[PDB]
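The deposited numbering numbers the first residue of the sequence shown as 4 and each following residue consecutively.
First up is the structure itself, then whatever we jot down about it.
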Amino acid sequence: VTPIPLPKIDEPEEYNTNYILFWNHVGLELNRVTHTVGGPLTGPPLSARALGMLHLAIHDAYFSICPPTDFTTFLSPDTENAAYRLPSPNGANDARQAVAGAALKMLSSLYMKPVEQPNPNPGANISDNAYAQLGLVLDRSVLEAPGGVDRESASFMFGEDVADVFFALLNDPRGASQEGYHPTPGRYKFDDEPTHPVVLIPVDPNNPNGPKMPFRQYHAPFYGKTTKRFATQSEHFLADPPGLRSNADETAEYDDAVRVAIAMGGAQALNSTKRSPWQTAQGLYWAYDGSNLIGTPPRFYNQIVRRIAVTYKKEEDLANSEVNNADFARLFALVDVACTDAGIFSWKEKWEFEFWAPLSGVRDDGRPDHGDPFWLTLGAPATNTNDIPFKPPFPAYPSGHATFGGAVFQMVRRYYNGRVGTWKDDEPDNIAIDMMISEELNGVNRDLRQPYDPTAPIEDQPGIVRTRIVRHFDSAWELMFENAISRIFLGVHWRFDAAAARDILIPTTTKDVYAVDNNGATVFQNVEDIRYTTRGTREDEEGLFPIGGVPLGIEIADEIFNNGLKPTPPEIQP
Ligand code: VO4
């Protein structure tokens, strides 16, 4: 089959001399390829799950052979429960081959053709070409693996066994099912996106030029409530969003939110848009909304973590260093598991409240002096395609980006505290990074004038090229913040979807109404001064809960970390 020409990644090639990073890289490649061909594990919550499973398998394969001191393996070989019983090395002592077997097995189980009946219903939507392209990635990775892959080694086979365990235990085949779900129209209620009310998909995925059919998508409406958690030791909840349930009386907040939404997230040329060119860059930088050759947010968060990992490694040798191998194996397991659970809980709350997107909220507002029936947002970029911007097919509260980021970057902060610098676990850190380039703005990817051609490299395809922006960040606190507000700039999330408006915006004398600059643009607090302290109430539960995705993610990361990466007790599983 014709292999898809993938654009070059902006990262020192030395990174892949380390087999832990190499396998992480292979996971990231499958991520972007599956989103280009429409293969399995697409979308934000599930794509994060794939990475969590991959790194959990790698983590235990490595630490079984090279036992850790300050912590232990996720699963143990002495568990009476067969489902949580980790296999034993029994002679195997080649960590490199162990990791290879775990990674290869997991990724293959995740991305290959479900010959075991699973193809029906679940996989009945993915074309043969999709699987073929994914297979190519897998096949060549074996050949590019640093140190090679010896499929006949005992260590390799051990790794495979480890993968089988984690796969059977955590795989959620029907995770993204939407069968039986239908929106419940009304104020504040999620429903089909006005600029993309329906989509025409081929009746037969193997004949994309053949007859089409109308399709309305709702992304994983049942996943969050039915899926198995990874390492969280409890259920997490967010305060009711402004306008709903116990907070239905927070009208000043909601009204100002509508106001900030129009000014900060509208289309580039609308007279009501007050967003600056720089803020537009900040919005697109963190997108990764499932585009061709790009993939989803988890892929970007891992690209960032890869840089942090190498920038702050203990030993200079990337290839032959167990200190580095252990460090990376541990870090990525912590990070990707937190990302996985962040997805579960953000999706759980998303479909719990079913809060509507700013596009619908502004248009359907109804009040002549508050709404704008013809508003358009900067929207989620439709990169490497000729389609227009959209709003991802799922409820708004809370922001998945914000939750993912909160978890990933809080985990990084907990892990490096006292090593890169010293800070209170709830205050700004000093984990700075340089030369960080997003594939949304790399001088290569673009907005095409014609349909994407998968047989030709992106450079030979006409379109407006995205300006190359090289960033530097002073801390993971900043990363966490900007990643969250970027969605406000795109106009796909309300301010409260990120965090409590009181914690991120500059207040005025009027309660719930925040400050704007000379030209009407919203003013944010300085990153160093931001503290996610503002909590709210829930109708169905007593107490105060976090508002927005960031606080939720931070909470999930602290929990997992504090428990040293321990499985969710099967008793509290759904
Ligand atoms: O991922 V959002 O849920 O931030 O579009």
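We put the CB at the ideal spot given by N, CA and C, even for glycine.
Distance cut-off 7 Å: residue i Cβ against heavy atoms of the ligand VO4
i    : result
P47  : yes
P301 : no
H496 : yes
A405 : yes
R52  : no
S402 : yes
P554 : no
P395 : yes
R490 : yes
Length of the line joining the Cα atoms of residue i and residue j
i    : j    : result
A341 : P205 : 36 Å
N420 : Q413 : 10 Å
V118 : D259 : 53 Å
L247 : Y191 : 8 Å
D194 : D81  : 49 Å
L9   : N128 : 24 Å
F377 : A270 : 11 Å
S478 : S156 : 42 Å
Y226 : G293 : 18 Å
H28  : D515 : 44 Å
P208 : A487 : 35 Å
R232 : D463 : 43 Å
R541 : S349 : 16 Å
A101 : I61  : 8 Å
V202 : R219 : 6 Å
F564 : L337 : 7 Å
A332 : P465 : 41 Å
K351 : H222 : 12 Å
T37  : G30  : 11 Å
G364 : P244 : 13 Å
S402 : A264 : 14 Å
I307 : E319 : 19 Å
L107 : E17  : 21 Å
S130 : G41  : 8 Å
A171 : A524 : 51 Å
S324 : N132 : 39 Å
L493 : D390 : 16 Å
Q181 : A103 : 35 Å
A322 : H373 : 59 Å
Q282 : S489 : 8 Å
For residue i, the three-state DSSP class (helix, strand or coil)
i    : result
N529 : coil
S363 : helix
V519 : strand
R35  : helix
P549 : strand
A341 : helix
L555 : helix
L9   : coil
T45  : coil
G374 : coil
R538 : strand
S294 : strand
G269 : strand
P510 : strand
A383 : strand
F393 : strand
For the stretch 172-258, which segments carrying the alpha helix (DSSP H) assignment without a break, of at least 4 residues, lie completely within its bounds, in sequence order?
-> 226-229
What runs of the beta strand (DSSP E), each 3 residues or longer, lie entirely inside the stretch 410-475?
-> 436-440, 449-451 and 466-468
Which parts of the stretch 49-130 are runs of the alpha helix (DSSP H), unbroken and 4 residues or longer, counting only runs that do not cross its ends?
-> 98-114
Any chance you could list the alpha helix (DSSP H) runs of at least 4 consecutive residues sitting entirely within the stretch 471-507, in chain order?
-> You should have 479-493, 498-501 and 504-507.
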